[PDB]
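Pasting a structure below so you can have a look.
Chain lettering (A, B, C, D, E, F, G, H and I) follows the sequence in which the chains are written, and residue indices restart at 1 in each chain.
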Amino acid sequence: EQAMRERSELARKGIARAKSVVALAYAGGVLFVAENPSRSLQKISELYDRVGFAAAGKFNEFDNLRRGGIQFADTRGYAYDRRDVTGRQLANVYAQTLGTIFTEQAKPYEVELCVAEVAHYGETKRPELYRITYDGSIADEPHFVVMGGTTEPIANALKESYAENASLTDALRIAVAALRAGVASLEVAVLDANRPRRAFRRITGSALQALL
Amino acid sequence: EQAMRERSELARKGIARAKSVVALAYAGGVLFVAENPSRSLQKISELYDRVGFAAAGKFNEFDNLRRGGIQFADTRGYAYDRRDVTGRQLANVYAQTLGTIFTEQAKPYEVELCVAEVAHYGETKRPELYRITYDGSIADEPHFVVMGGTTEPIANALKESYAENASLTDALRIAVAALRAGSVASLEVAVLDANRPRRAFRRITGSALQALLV
Amino acid sequence: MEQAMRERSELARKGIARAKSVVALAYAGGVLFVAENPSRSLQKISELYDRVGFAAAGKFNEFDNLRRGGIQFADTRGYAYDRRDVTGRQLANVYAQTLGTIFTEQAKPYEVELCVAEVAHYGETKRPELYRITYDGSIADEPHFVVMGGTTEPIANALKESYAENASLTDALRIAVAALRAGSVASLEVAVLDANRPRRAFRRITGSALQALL
Amino acid sequence: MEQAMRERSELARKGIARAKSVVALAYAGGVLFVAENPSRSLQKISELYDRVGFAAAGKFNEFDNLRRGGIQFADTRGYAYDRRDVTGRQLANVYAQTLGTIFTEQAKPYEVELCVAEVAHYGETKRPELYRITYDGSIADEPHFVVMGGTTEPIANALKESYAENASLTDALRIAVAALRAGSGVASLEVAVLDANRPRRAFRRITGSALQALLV
Amino acid sequence: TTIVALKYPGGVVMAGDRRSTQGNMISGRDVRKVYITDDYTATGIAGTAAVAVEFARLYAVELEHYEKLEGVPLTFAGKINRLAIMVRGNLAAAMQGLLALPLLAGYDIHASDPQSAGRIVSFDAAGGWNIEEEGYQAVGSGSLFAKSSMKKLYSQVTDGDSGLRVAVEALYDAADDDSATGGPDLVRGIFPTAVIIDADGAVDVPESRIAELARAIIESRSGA
Amino acid sequence: XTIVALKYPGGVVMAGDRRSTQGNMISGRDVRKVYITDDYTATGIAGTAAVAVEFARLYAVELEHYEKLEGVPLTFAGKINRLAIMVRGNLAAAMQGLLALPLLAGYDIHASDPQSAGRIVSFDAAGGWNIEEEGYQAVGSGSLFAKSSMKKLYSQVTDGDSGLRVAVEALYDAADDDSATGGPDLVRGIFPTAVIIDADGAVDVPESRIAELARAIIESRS
Amino acid sequence: XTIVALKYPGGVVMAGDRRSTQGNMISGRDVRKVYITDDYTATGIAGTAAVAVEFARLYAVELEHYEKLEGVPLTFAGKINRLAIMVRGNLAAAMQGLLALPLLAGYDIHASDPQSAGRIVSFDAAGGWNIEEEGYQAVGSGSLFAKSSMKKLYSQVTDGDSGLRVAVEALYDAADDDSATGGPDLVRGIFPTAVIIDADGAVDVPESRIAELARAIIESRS
Amino acid sequence: XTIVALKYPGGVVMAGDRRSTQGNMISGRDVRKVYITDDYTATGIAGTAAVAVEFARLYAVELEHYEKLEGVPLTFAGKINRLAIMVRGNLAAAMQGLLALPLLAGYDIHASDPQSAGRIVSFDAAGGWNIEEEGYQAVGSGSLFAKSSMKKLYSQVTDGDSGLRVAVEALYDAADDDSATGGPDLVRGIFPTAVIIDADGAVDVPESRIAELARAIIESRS
Amino acid sequence: XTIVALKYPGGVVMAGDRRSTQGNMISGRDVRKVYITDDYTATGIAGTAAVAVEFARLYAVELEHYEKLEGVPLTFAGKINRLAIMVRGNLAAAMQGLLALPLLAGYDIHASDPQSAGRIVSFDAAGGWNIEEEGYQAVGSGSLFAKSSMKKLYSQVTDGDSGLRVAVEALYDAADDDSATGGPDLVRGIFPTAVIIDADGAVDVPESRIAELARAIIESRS
C-alpha cells in the first residue's frame, strides 16, 4: 500500500472538498435532495424506469458514470426486458467500474454514487438505496444515503429526524434541514411509485416553493 | 498528489502569459472582445448556429479544441437535428476532453475556454455562458466571463460596470475599459446576435467596428 | 515534469543555435528568403504550394521530413477542395500541431525552426504573411521579417534598424546579406515568392543572376 | 535526454573508430571505392542502382541491413516512376531519415558510416556526387573524396595532399592505397568503381589478377 | 395491412388493422401494428407484421436513450432523422422481401401553434421521409382505399373524437376493398388499435371506444 | 410434423407428433419434438429430432444462465425476447433450407389472473413473435388441419384433461390429413408427447395417459 | 419531376416543381426540391427523394463546416468539387436505382464581372460536372421540354423578374408535356418553389410572387 | 469526341473537339478536352466527359507533386509511367462503361535532337502505352476518320502553323463523318481547342487562330 | 503476334514481330516485344500488350534485385522459377482476357558444355514452364506456322548468322500465314527485332543486319 494509500487519499480529499447530496425513502417512493447552484448542470438523474441516480464529487467524472449507467441499463433492457433492470444490477456495475478505475487509471475518480430503486406500479416492495464509493465498495442502506461534503452532521441530523412512511412535504423539510446541519441552489427529484412506467419526476420552480 | 499540483501550475502560468479575453451578455445576445495583435490567428469563433467559442492560452492547443468542437457540433446536428446542439452539450464535451488531457497526456493544455449560447430567433431565453478550465472544471456564469492574463483586475472592472440589458455600444465600451485595467486594432470583436435567423455569429470589424466605438 | 520539459527545450534550442542562419523578409515583389548554405544539393528553402514558401533552420533530416509532410498536406487539400483554398495560415497551423505533438510525445524533440510565408494571388493586393513555428509548436505571426537559426539576436537587430517596408529586390537582398554578416554566392541560398508570377510564385535566384544583385 | 543522446553518439562513434577504413574518391572515369577488407566473404562496397554505389564502415550486420533497404528503395522507386529518376541524392536523403530514426527510436544506435556515390549517365556530362551519411542522420555533400571508419584524419590528410581532379584509375588507386596505409595488398582490399563509361550498370568490381596488375 | 394517421385540431390520431396473411391465408387476427414510442410519438409499421413490435421497440429505446443521456427529448426533426436512419439501415434486407415501411405520428411540444402541433411523417423504401401537409396519410396494402376514403371524410374532423371516427371508418373502407386488411370482427370482439396524441401526451385509445365506433358503422350498415 | 398448443383455465398444454420424413420416406417414428425449457415454459419445433433438441437445449441453457447470474428468472417478456433473438440469429442459415420455427408455451407466474396466465407465442421466418390471443395455435406441415380441428373442439376445453384431449385429437386430425405428421401407432406403442404447465410448473404428460386418450378417439370414430 | 436554373443579369434563379410519383400514382403534391445550401448557392435534385433529401442537407453541412473551420467560405470551384465528390460516392447505389442528379445554382462573390457572376453547374451519373455557358439548364423527367421552352424564351430575360417568369413558364411547359412534373395547382394553391441568388445572397422567392406569374402564364395561353 | 496530336519540326500540337453527347442528344457544345498538365506536356481524354476533367487535374497534381518533393521534374518516361498507372487503376471502372482513354503530347527537354523532341503517347483499355513513332495519332469515336485525313495531309507539315492547320482539318474531317464529334460552330463562335508545345513550353492556342483556319477549310471545300 | 527462339552452336537467338492489332485493325507497326532482361537472358511476350510490355520490366527488376542483394546472379533454374511465379501471379487476370505468355531465351554461364549452353523456356496459362530440347520454340498467334517453318529449316543452323537467318525466315512464314503477325515493311523500313545471346552476353541485333536477311528471303521467294 505505497501507491494505494495515495491513490485513495487523492480521491477522498476530492470528495471531501465537494458539496452535499441526500437520498431518502418516503411514502410515495424515493426523494433526492442535493445542493446544486447551476441551472443546467445536474447531479441528479434518471437511469431507468424505476431506477434513479445521485452523485457527489467532480462533475465530469460522475457525468461520465451517469452516461455509462444509462448506456448499460438501456442495453440490458433491450437484450432481455425492462422489468429485468434493477438497482442492484446498476449498483453492482458501478462497483466494478469504480474499482477498476481506482486500480489502473491515471488517477482515481473523485466521486460518491447513489443508485435508488422503487417498486413497479401497483407492486409492494420497500425502496432500495445503494451507496457506491470511489474504491468500488458497495453499501446497501435501508433508510438513507448521504454523500459529499461534511457527511456526519447531516447523517446525525437525519438519524434523529427519520420516519418510515413520511409524506413528500415532510421528507423534503427533514432533508433540507439535514443538509444545513452538514429552489435555486437546490436540485430535487423523486422516483414516483404511482407513475405507471417512468418513476422519475423533477420538482422544480413554483411547484418546489409550494411545498417547502 | 503533489505532481498534479505542478501540472496545475504549468497551465495557469501559460494562461497568464497570454492575452486576455472577455465574454459578456447584452441586449442583443453575447459579445466577445479579445486583445488580439494577430490578424489571422483568432481566439474567437463560431461553433454552431447559436453557439460561440472564445479561448485564451496557447494557440495550437485551443485551435485544436475549436476544431474538435466544430467537428462534434456538426456531427451531432447531422445525426439528430440542428436544434439538438446546445452550448451545455459543447461545454460538457470540452470539460470531458480537457480532463482526459489533464490526466492521460504528458503535458496538460495551457488553455481556458468559453462556450456561449444565445436563444433561437424569436425565442425568449437568457444567454448562457460556460467557462471550462485546463483541468476540465466547468462553471455556469450568468453575466460575463474573463479568461487569460490578469483576470482579477478585468473581472473587478466588469463587475462594477456591468449592466444586464446594455446596448451593443455600451457593452463594448464596458468591455474595452475592463480590458485596459489588466495591462479598432489589436482587438478581435464578435457577437452572437440573437436577432439573426439562423447563424448568430457575426464579426465586427473596421468601419462597422469604428462606429460602434464612437 | 518541469526539468524534463526544460531539458527537451534545451536540446532543441542548442541544435538550432548550432545551425546556419536563415532570414525571410517581405519586399515590394513578394517575399525574399536568404539562407547561409555552403551545400549545393541540400536545400533549406522550398516551395510548398502556389503562393506559399518554406524556410527552415536546424537538423536537415528533421526539417526535410517536415517540408515533405507540408507538400503532402498542401497537395491533398488543394485536390480535395481547390487550389485557392490552400493558405500559409493553414500550413503554419499544421506545422504547429505537428511540432507540438512531437515535442511532447516523441523521444527527442525536433531541433528545427520553421518559416511559412504566403504572398498574394496574381492580380490581387494583400500584404505578405510570415509565420514562425518553433520546436514546441508555438506559432508567431510576423509582419515584416523572420530570422531563424544561429545567433538570431544580432541578425534581428541589424534588420530592425535596417528594414524598410516595400523595398526593392536589390535593396532587400543587400539588407538581408548585411544582416546575416552581423551574426557570423557559394555560401548563400536565395529564393523569392514572386507575387508577380501567375501561379507559381516560388523562384530561385541562382548563379550568374544572383551575382548581379549582390 | 541530452546525456542520453550523447551516450548513443559515443557508442556509435566508438564502434566506427574500431572499424576498418574505407575511401571513396572521384576520378576521370567515375568514382573509385577502396576499402581495407581482409575477408573474401563480406563486402563493405556494393551496387545500389544503375549509376549509384554504396560504401560503408562499422558493424557489418547493421550496414548490410541498410545496404539491403537501399536496394529495396531504389528498385521500388525505379519501378514506380522510371530508372533515370533514381539519384544518389534521393538515396542519401533516405539513409539520413532512416539513420535519424534509428538514432532516436531504437534501443541501440547503428554503429555505421555510409557513403552514397553517383556518376553521370552514359554520354552525359556531370561531375560525380559523393555523400557521407553518419550515425545520427547528418548528411554532408563532399566534392572530391569521402573517408569513413577507423583513423580517418590521417587518411583524409593524405588524400587532401595528393588529390588530383580526373586522375587516372591507376593513379587514383595508388593515391587511395597510399592514403589508407597512412591510417593503418590485393588479399587485403575490396576495390570497385562506378564506371561512367558503361552503358547502364556502372558498378564493376576490380578483383584478383586485374587488381594486382593495376596496383602497380 | 393498413395503417392510417390524421391530424385534428389539437393533436393527431393513428390507427391500424389487426390482420396478418400468408398468401391468401389469414395467418393472424390479433396483430398489433401501432405502438407508442415515447411521450409524444407513435409508429405504425406495415408488412413483416411480426416485426412491427420489434422496430417500435428499438426506436423507442433510441429515443429514450437520448433523452436520458442528454436530459432533454430530441427535437421532432431529430426524432424523424433517427427513424429515417433506422429505415435506411434496412435497405439490404428489403431487397430479399423483408420490407418494413413506418408511419410516424407525433405532437410537437415546441411548435408555435398548439392546434397545428400534430405531425405525420411517411417513409419510402430508400429511407426518405416526408412531413405530410395535407392532414392525413396511410401505409400498407389498403392505403389507397384508406386515403380515398379520408379525402371525402376529413372535412368532418373537428376534434379528437371525430378524428378517431374518421380513422376507424377509413380502416373499415380499406378492409372493404383489400383482403389483406382486416375489418372489425364483431364475433371475436377484435377491433383496430389506435393511439391519440395531444398536449397531454400519447395515449392508447381503449378497445371499448374503437368497438362502439365499429359497431355503429357495421351494425347499422347491416340489418342490425 | 405438427405441434399444437392450447390454453385451458389455469394453464397451457403443448403436444407434438413423432414422425420424421426424408421426402416420402419415414425416417423416424420416435422423435421428441416438445421439450421443457425451464420450470414454466416448453418449446416445440417443427422439424428434425436434432434441430428440435439442440434449439431447446440452447434456449434452456440461456434461460438458466440468466437465473444463475441474476438470482431471479427472466420475465416472460424476457423469455420471449431471448427466443426471438435466437430465431433471428438463424435467418442467414434459413435461406439455404435449414428453417426452424418454434412455438412457445408457458405460464406467467407474475400474471394478475391465474386462470388466464397460460401463454402461447409463435414465431415467423424473420424471428418475429406474436402472443396468441385466440386460445390455440399450431406449427408444422399439418398445422392448418390441427387449427381447423381445434376451432370446432375448443369450446369443450374446461380444464387440463379436456385440453389435453383436444390437443391429442387435433394432432390426430393433423395426421389423418397430412402424411408428414404421424398418428398414434397402436402396434409399436408410440404416441404423441405432451407437456402441461400450470401454477405448479411444467410436467411431461405420461405416455399412458395419452395412450388412453388416443384409444378413446379411435374407438369414438369407428 | 423537373428542376430549372437560369442566369439573369446580376443573378441566378432556380425553380422546381412539386410532384412526386410512384409509377403512375401521384404520391406527393407539396414536395420541395430546391434548397438554399449556403449564402450564395442552391441545389435542386432530381431522381430519388430519399437520395435527394439527404444530399442537400449534407452538402450544406459540408460547406458550413469548412467555413467555420477555416474562417472563409470555399471557392465556387471547391463547392463544385465537393458536390461532385458526393455524387460519385453515390454511384454504387445508383446502379440499383437510387439515382440522384443535382443541379447547382450560385453567385460567385469573387467573380470579376458582377453581371455574369451567376453560375449553373450540372452533374451526370458518374459524378462529372459541367458549368453552363448557354445561360440555362434543367434536370429531371421534364428537362427536355423545359430546355426547349427556355431556348425560345431566354431572349426575354432582362432581370430577376423576367428570369423568374421564364423559369416558371419553363416548368409550366415541362408539366404540360410530362405527367411526372406537376403544374401549378390553382385549387390547392400549390406552386413551384424558387430561389433567387444575387450579390445580396440567396433567398426563397415567396409563394405569392410565383402565383401571380402562374396566373399570368395561364391567362396568356387561354 | 475526337482528340488529335501531331509532331512538327521543333514541337508537337494537340487539338480536340467541343461536343458531348448523351446517346443521340447533343449535351454539350463548349467542352474542353485538352489540358496543359505541366510545362512540357498536355493530355486529351476521350470517352466519358466525367472521367475526363478529373483526369488531367489529378495527373497535373501528380507531376507537380514529384517536382516539389524532389526538386526536379520527372523524366518523360517517368511521366508516361505515372499516366499509365492511372489508366490501369480505372480498368475495373471501365468494365462498367466509364472508359477514359488518354492521349499524351509532350516535348522532351532532355532529348538529343530538338527537332524530333515532340512526343505522342497513346493508351489502351488495359493501361498499356505506345510512343507514336509515325508522327500523328488520334483517340475517340472519330479517330479513324482523323487518322486517315492526317495520312494524306501530314506531308504538308513543315512548321507550327501548317501543323496546326492539319490538326484542325483532321478534326474537321472527324466531325464530317462522325456525329459524336463536333465541327466548328460559326454561329455560336465555338471552335476546337488546341495546345502547342515546343522548347519554350506548352501554350494554349488562341481561339482566333483556330477560327481563321476553320473558315479557310470551309471555303476550301465550298 | 509471333515470337520465335532457337539454339545455335554457342548460343541462342530470339526474334519477334512488330505488329499490333485491335481486332482486324492495325494499331501498331513499331512494337518491340523482345527485351534483354539481364546480361544473359531475354524475354518475348505474346498476349495483351499492356501486361506484356510491363512484364519484361518487372522481370528485369527482380533479377537485378537479387543480384545486388546477394552479390551473385540467380542460377538459370532460379531465373526460370522467378518468371514462373510472375506468370502464376497473373492467372486470375488471365481469365478476363489479359493473357500474357512469355518465352525466355538465355545462356547458362554455369553450363558444362558452352556449345549447348543456350536455353529456351516456354510457359503455359497456369504458369507451368518447359525447357525445349528440340532447339526451337515459338509463342503467339503465328507460333504454329513459325514452328513448322523452323522444323524444316533448323538443319541449316550452324552458327549465329544462320540461326538469325532462320529466326527471321520463321517470322516471315508466320506473317505470310497469320494476319496478326507483321511481316517486314520495306516501305516504312520496319523490321522484326532480335536479340542474340552467347558467352559474351546478350546484345540487340542491329536493324541493318535483319534488313539484309529479310531482303534475301524476299528475293529467294520471288
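The rule we apply is simple: a residue touches a chain if its C-beta (ideal position, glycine included) is under 8 Å from a C-beta of that chain, and two chains touch if they have at least 3 such contacts.
Participant: If I average the CA coordinates per chain, which chain comes out farthest from subunit C?
Facilitator: F
Participant: Let me have the rounded angstrom distance from the C-alpha centre of subunit B over to the C-alpha centre of subunit D, please.
Facilitator: Computed from C-alpha means, the inter-chain centre distance equals 59 Å.
Participant: What is the distance in Å between the mean C-alpha positions of subunit B and subunit E?
Facilitator: Using C-alpha averages as centres, the distance is 47 Å.
Participant: Averaging only over C-alpha atoms, locate the centres of subunit G and subunit H and give their separation in whole Å.
Facilitator: From the centre of subunit G to the centre of subunit H is 34 Å.
Participant: Residue numbers in subunit D touching 2 or more other chains?
Facilitator: Subunit D, residues with two or more chain partners: not present.
Participant: What parts of subunit H, by residue number, touch at least two of the other chains?
Facilitator: Touching at least two other chains: none.
Participant: Which of the chains touch, listed as pairs?
Facilitator: Every touching chain pair, ordered by label, is A-B, A-E, A-F, B-C, B-E, B-G, C-D, C-G, C-H, D-H, D-I, E-F, E-G, G-H, H-I.
Participant: Which residues of subunit A touch subunit F in the complex?
Facilitator: 79-81, 83-84, 89
Participant: Could you pull out which subunit I residues touch subunit D in their complex?
Facilitator: Counting only subunit I, the residues touching subunit D are 57-58, 61, 64-65, 68-69, 71.
Participant: Touching residues of subunit H toward subunit I in the complex: what are they?
Facilitator: Of all residues in subunit H, those touching subunit I are 88, 124-130, 133-134.
Participant: In their complex, what parts of subunit H are in touch with subunit D?
Facilitator: Counting only subunit H, the residues touching subunit D are 66, 70, 74-75, 77-78, 81-82, 85.
Participant: For the complex, which residues does subunit E have touching subunit B?
Facilitator: Per the touch definition, subunit E meets subunit B at residues 66, 70, 74-75, 77-78, 80-82, 85.
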